[PDB]
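This report concerns only the one structure given below.
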Amino acid sequence: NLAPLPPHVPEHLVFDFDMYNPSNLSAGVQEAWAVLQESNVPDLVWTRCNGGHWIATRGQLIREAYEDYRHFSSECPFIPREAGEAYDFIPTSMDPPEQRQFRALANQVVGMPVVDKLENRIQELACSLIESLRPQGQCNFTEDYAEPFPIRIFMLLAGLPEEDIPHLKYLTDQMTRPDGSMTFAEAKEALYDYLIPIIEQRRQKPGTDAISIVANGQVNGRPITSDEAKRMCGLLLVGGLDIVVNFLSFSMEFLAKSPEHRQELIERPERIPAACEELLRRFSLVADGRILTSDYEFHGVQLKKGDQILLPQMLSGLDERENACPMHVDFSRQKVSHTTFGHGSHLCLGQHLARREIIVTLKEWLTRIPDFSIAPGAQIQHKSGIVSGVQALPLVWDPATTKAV
Ligand code: HEM
Ligand SMILES: CC1(C)[C@@H]2CC[C@@]1(C)C(=O)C2
């Protein structure tokens, strides 16, 4: 389904890439997206898919546009437009300066200090989950660990019942990887319907959970409104329940496939933090965009007000000009360049939490289960969207080779 080419788009800049169902998805989602970095593809293209929009394919352009909120606004960050228009999450839907006050509050609930106090619990959860799988000699990593681990830590942070996980997991998936089961606006509304009563209570009888902190916070020297709290909590939920889960699967899929890379970390664990950075670069999984606030000539290309441009955070680190042999995983890369956590004023506020969750997983897993592989005959399926993911990851190992720690 391709939309009619607009009057201002030169035919030679057209490249019909569908971010929700790329071509060589069989080669892996990152590989599927990297086709935009081929020699026969211009730096900036227009795709007639998903309503029609631009795509910046180079790290230089992606970074540039993310710094220029004057022309590239985040008020409409999702494609298709219907989604971007319904998008009202705080603080992402706001451009500076207004966005700044909310970023501070959000940092109070997911910032480093909060993660720090949670360290022992994150560790215990990783160790507990892994140890219970170890004897089995097999597991579907996505649902046996990738999902329960990060999701349980966040439900803990936000003080929400584990009984609500299934519902929230479903809603957040609808927002990042539309199943067609419901529109973004519809999934967002359901999410807000769930959140409103909770924010009301937390405001009356406030606990110590992140929702209670956001709900009774102060911004710009005045109290945050119920509406603002709701819009901020919704983003925190989507960010905390959907991203790390999928990133862990991409990483484990690779490690299950590369024994040499597993050994490297098993022998030199001090190299894990560095390994984390390289994996975050190689298996970057986010891609959203901005909307043109006015007609603008970007690198010789005429952009029109209202035009939407996809600025894939995932593509920057895969760009050959940013990192040599971008597709090769090298834990000793001295210069790991990437925009996996964003760029500009909207830099990810949950970086510390994500890194710790990834680092703790790698360390505790390779400690008890150093040797494992993908169940033979398994075909790992990837999914593309605002946040790309892995359907399932059937793993196997010989229990005689594991160590109870
Ligand atoms: C590996 C996991 C993660 C990745 C790759 C990631 C990536 C991103 C990216 C690329 C953005 C920028 C979006 C834009 O500029 O339009 C972002 C924003 C944000 N992320 Fe993360 N994120 C991750 C995990 C999390 C987690 C764990 C949370 C915590 C709940 C979170 C909370 C946020 C928030 C609140 C923002 C908004 C910041 C702002 O608009 O000023 N993220 N993230
Ligand atoms: C693009 C994102 C990854 C970022 C955090 C969650 C997300 C889906 C948003 O709506 C902002």
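As shown in the structure tokens, the chain order sets the letters A, B, ...; within each chain, residues go from 1, and ligands are also counted from 1 in the order they appear.
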Please provide the set of residues having any atom within 10 Å of residue 258 of chain A, restricted to only C-alpha atoms, with same-chain residues fewer than 6 positions apart removed, written as number ranges by chain.
A: 252, 329, 372-373
Within 12 Å of residue 41 of chain A using only C-alpha atoms, minus same-chain residues under 6 positions, as a VMD selection string:
chain A and resid 12 to 17 34 to 35 47 55 to 58
With distances taken over only C-alpha atoms and all ligand atoms, which of A:265, A:243, A:118, A:62 is nearest to ligand 1?
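The answer is A:243, which sits nearest to ligand 1.
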Given the choices A:374, A:366, A:393, A:341, which gets closest to residue 127 of chain A if the distance is worked out from only C-alpha atoms?
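The shortest atom-to-atom distance to residue 127 of chain A comes from A:366.
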Excluding residue 281 of chain A and residues on its chain fewer than 3 positions from it, collect all residues at most 9 Å away from it, counting only C-alpha atoms, and give them as an mmCIF file with N, CA and C atoms, in the first residue's frame.
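Writing the result to selection31.cif gives the following:
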```cif
data_model
loop_
_atom_site.group_PDB
_atom_site.id
_atom_site.type_symbol
_atom_site.label_atom_id
_atom_site.label_comp_id
_atom_site.auth_asym_id
_atom_site.auth_seq_id
_atom_site.Cartn_x
_atom_site.Cartn_y
_atom_site.Cartn_z
ATOM 1 N N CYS A 276 28.645 -4.399 26.626
ATOM 2 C CA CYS A 276 27.279 -3.881 26.662
ATOM 3 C C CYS A 276 27.137 -2.728 25.664
ATOM 4 N N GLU A 277 28.108 -1.819 25.661
ATOM 5 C CA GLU A 277 28.083 -0.685 24.741
ATOM 6 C C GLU A 277 28.087 -1.145 23.282
ATOM 7 N N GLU A 278 28.909 -2.140 22.962
ATOM 8 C CA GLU A 278 28.979 -2.632 21.595
ATOM 9 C C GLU A 278 27.685 -3.317 21.170
ATOM 10 N N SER A 284 20.903 -2.028 18.171
ATOM 11 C CA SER A 284 20.074 -0.855 18.439
ATOM 12 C C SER A 284 18.680 -1.221 17.903
ATOM 13 N N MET A 314 18.587 3.688 15.544
ATOM 14 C CA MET A 314 19.323 2.458 15.322
ATOM 15 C C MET A 314 20.371 2.522 14.209
ATOM 16 N N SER A 316 22.382 5.080 13.098
ATOM 17 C CA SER A 316 23.608 5.841 13.338
ATOM 18 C C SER A 316 24.845 4.965 13.577
ATOM 19 N N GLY A 317 24.768 4.097 14.581
ATOM 20 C CA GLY A 317 25.891 3.232 14.905
ATOM 21 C C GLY A 317 26.199 2.168 13.867
ATOM 22 N N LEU A 318 25.272 1.951 12.940
ATOM 23 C CA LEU A 318 25.462 0.954 11.896
ATOM 24 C C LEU A 318 26.039 1.617 10.653
ATOM 25 N N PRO A 326 30.682 -2.076 10.631
ATOM 26 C CA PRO A 326 29.514 -1.887 11.501
ATOM 27 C C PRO A 326 28.743 -3.140 11.903
ATOM 28 N N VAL A 336 33.127 3.309 20.192
ATOM 29 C CA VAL A 336 31.781 2.814 19.918
ATOM 30 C C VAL A 336 30.837 4.014 19.776
ATOM 31 N N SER A 337 30.560 4.401 18.535
ATOM 32 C CA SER A 337 29.689 5.537 18.255
ATOM 33 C C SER A 337 28.273 5.074 17.937
ATOM 34 N N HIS A 338 27.282 5.699 18.571
ATOM 35 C CA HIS A 338 25.881 5.326 18.351
ATOM 36 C C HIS A 338 24.904 6.309 18.996
ATOM 37 N N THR A 339 23.639 6.236 18.588
ATOM 38 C CA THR A 339 22.588 7.089 19.148
ATOM 39 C C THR A 339 21.437 6.181 19.575
ATOM 40 N N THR A 340 21.800 5.047 20.172
ATOM 41 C CA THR A 340 20.826 4.060 20.624
ATOM 42 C C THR A 340 19.877 4.620 21.676
#
```
Nearest candidate to ligand 1 (options A:333, A:177, A:203, A:282; using only C-alpha atoms and all ligand atoms)
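Result for the nearest residue to ligand 1: A:282.
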Counting only C-alpha atoms and all ligand atoms, the option among A:132, A:334, A:92, A:174 closest to ligand 1:
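Nearest candidate to ligand 1 out of A:132, A:334, A:92, A:174: A:92.
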Go through segment 160-321 of chain A and collect every residue that DSSP, computed from the backbone, puts in strand (DSSP E); the answer should be as JSON, numbers by chain.
{"A": [218, 219, 222, 223, 288, 289, 290, 291, 292, 296, 297, 298, 301, 302, 303, 308, 309, 310, 311]}
Would you write out those residues with N, CA, C and O atoms, as a PDB file, in the first residue's frame?
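New file result.pdb:
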```pdb
ATOM      1  N   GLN A 218       6.244  18.520  41.593  1.00  0.00           N
ATOM      2  CA  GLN A 218       6.181  19.940  41.310  1.00  0.00           C
ATOM      3  C   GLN A 218       7.037  20.225  40.083  1.00  0.00           C
ATOM      4  O   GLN A 218       8.130  19.683  39.943  1.00  0.00           O
ATOM      5  N   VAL A 219       6.529  21.064  39.190  1.00  0.00           N
ATOM      6  CA  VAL A 219       7.260  21.445  37.989  1.00  0.00           C
ATOM      7  C   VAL A 219       7.039  22.934  37.770  1.00  0.00           C
ATOM      8  O   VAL A 219       5.926  23.427  37.943  1.00  0.00           O
ATOM      9  N   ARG A 222       5.252  24.858  40.459  1.00  0.00           N
ATOM     10  CA  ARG A 222       3.845  24.614  40.764  1.00  0.00           C
ATOM     11  C   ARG A 222       3.547  23.119  40.695  1.00  0.00           C
ATOM     12  O   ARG A 222       4.319  22.344  40.128  1.00  0.00           O
ATOM     13  N   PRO A 223       2.412  22.696  41.269  1.00  0.00           N
ATOM     14  CA  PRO A 223       2.044  21.277  41.257  1.00  0.00           C
ATOM     15  C   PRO A 223       1.715  20.720  39.875  1.00  0.00           C
ATOM     16  O   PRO A 223       1.081  21.386  39.056  1.00  0.00           O
ATOM     17  N   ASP A 288      12.082   6.396  15.782  1.00  0.00           N
ATOM     18  CA  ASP A 288      10.906   7.246  15.703  1.00  0.00           C
ATOM     19  C   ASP A 288      11.315   8.488  14.922  1.00  0.00           C
ATOM     20  O   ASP A 288      12.371   8.497  14.280  1.00  0.00           O
ATOM     21  N   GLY A 289      10.495   9.530  14.938  1.00  0.00           N
ATOM     22  CA  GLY A 289      10.865  10.691  14.159  1.00  0.00           C
ATOM     23  C   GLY A 289      10.439  12.043  14.671  1.00  0.00           C
ATOM     24  O   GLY A 289      10.200  12.241  15.858  1.00  0.00           O
ATOM     25  N   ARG A 290      10.357  12.979  13.737  1.00  0.00           N
ATOM     26  CA  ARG A 290       9.989  14.349  14.042  1.00  0.00           C
ATOM     27  C   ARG A 290       9.125  14.889  12.911  1.00  0.00           C
ATOM     28  O   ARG A 290       8.988  14.254  11.865  1.00  0.00           O
ATOM     29  N   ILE A 291       8.532  16.055  13.135  1.00  0.00           N
ATOM     30  CA  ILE A 291       7.691  16.683  12.129  1.00  0.00           C
ATOM     31  C   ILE A 291       8.281  18.064  11.803  1.00  0.00           C
ATOM     32  O   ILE A 291       8.769  18.768  12.693  1.00  0.00           O
ATOM     33  N   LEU A 292       8.268  18.426  10.522  1.00  0.00           N
ATOM     34  CA  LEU A 292       8.803  19.710  10.076  1.00  0.00           C
ATOM     35  C   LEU A 292       7.888  20.857  10.506  1.00  0.00           C
ATOM     36  O   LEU A 292       6.703  20.885  10.155  1.00  0.00           O
ATOM     37  N   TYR A 296      11.680  23.781   4.777  1.00  0.00           N
ATOM     38  CA  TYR A 296      13.102  23.843   5.101  1.00  0.00           C
ATOM     39  C   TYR A 296      13.960  23.054   4.119  1.00  0.00           C
ATOM     40  O   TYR A 296      13.593  21.956   3.707  1.00  0.00           O
ATOM     41  N   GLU A 297      15.098  23.622   3.738  1.00  0.00           N
ATOM     42  CA  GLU A 297      16.004  22.944   2.819  1.00  0.00           C
ATOM     43  C   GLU A 297      17.079  22.231   3.628  1.00  0.00           C
ATOM     44  O   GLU A 297      18.032  22.856   4.088  1.00  0.00           O
ATOM     45  N   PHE A 298      16.910  20.922   3.802  1.00  0.00           N
ATOM     46  CA  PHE A 298      17.845  20.101   4.568  1.00  0.00           C
ATOM     47  C   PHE A 298      18.806  19.401   3.626  1.00  0.00           C
ATOM     48  O   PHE A 298      18.401  18.549   2.841  1.00  0.00           O
ATOM     49  N   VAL A 301      17.788  19.111   0.136  1.00  0.00           N
ATOM     50  CA  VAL A 301      16.484  18.517  -0.103  1.00  0.00           C
ATOM     51  C   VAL A 301      15.414  19.452   0.441  1.00  0.00           C
ATOM     52  O   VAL A 301      15.511  19.926   1.574  1.00  0.00           O
ATOM     53  N   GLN A 302      14.400  19.727  -0.372  1.00  0.00           N
ATOM     54  CA  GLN A 302      13.322  20.613   0.048  1.00  0.00           C
ATOM     55  C   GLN A 302      12.334  19.872   0.929  1.00  0.00           C
ATOM     56  O   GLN A 302      11.687  18.933   0.477  1.00  0.00           O
ATOM     57  N   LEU A 303      12.232  20.289   2.188  1.00  0.00           N
ATOM     58  CA  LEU A 303      11.301  19.677   3.126  1.00  0.00           C
ATOM     59  C   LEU A 303      10.165  20.664   3.325  1.00  0.00           C
ATOM     60  O   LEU A 303      10.398  21.870   3.426  1.00  0.00           O
ATOM     61  N   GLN A 308       6.757  14.563   7.601  1.00  0.00           N
ATOM     62  CA  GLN A 308       7.287  13.781   8.708  1.00  0.00           C
ATOM     63  C   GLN A 308       8.597  13.149   8.240  1.00  0.00           C
ATOM     64  O   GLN A 308       8.750  12.781   7.068  1.00  0.00           O
ATOM     65  N   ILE A 309       9.555  13.062   9.153  1.00  0.00           N
ATOM     66  CA  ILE A 309      10.843  12.477   8.832  1.00  0.00           C
ATOM     67  C   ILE A 309      11.219  11.465   9.907  1.00  0.00           C
ATOM     68  O   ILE A 309      11.177  11.759  11.103  1.00  0.00           O
ATOM     69  N   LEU A 310      11.546  10.257   9.459  1.00  0.00           N
ATOM     70  CA  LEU A 310      11.955   9.188  10.348  1.00  0.00           C
ATOM     71  C   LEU A 310      13.461   9.346  10.532  1.00  0.00           C
ATOM     72  O   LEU A 310      14.208   9.427   9.557  1.00  0.00           O
ATOM     73  N   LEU A 311      13.892   9.419  11.782  1.00  0.00           N
ATOM     74  CA  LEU A 311      15.304   9.573  12.108  1.00  0.00           C
ATOM     75  C   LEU A 311      15.638   8.379  12.982  1.00  0.00           C
ATOM     76  O   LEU A 311      15.699   8.491  14.203  1.00  0.00           O
TER      77      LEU A 311
END
```
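Candidate residues A:386, A:405, A:104, A:241 were compared for distance to residue 130 of chain A, and the nearest is A:405, using only C-alpha atoms.
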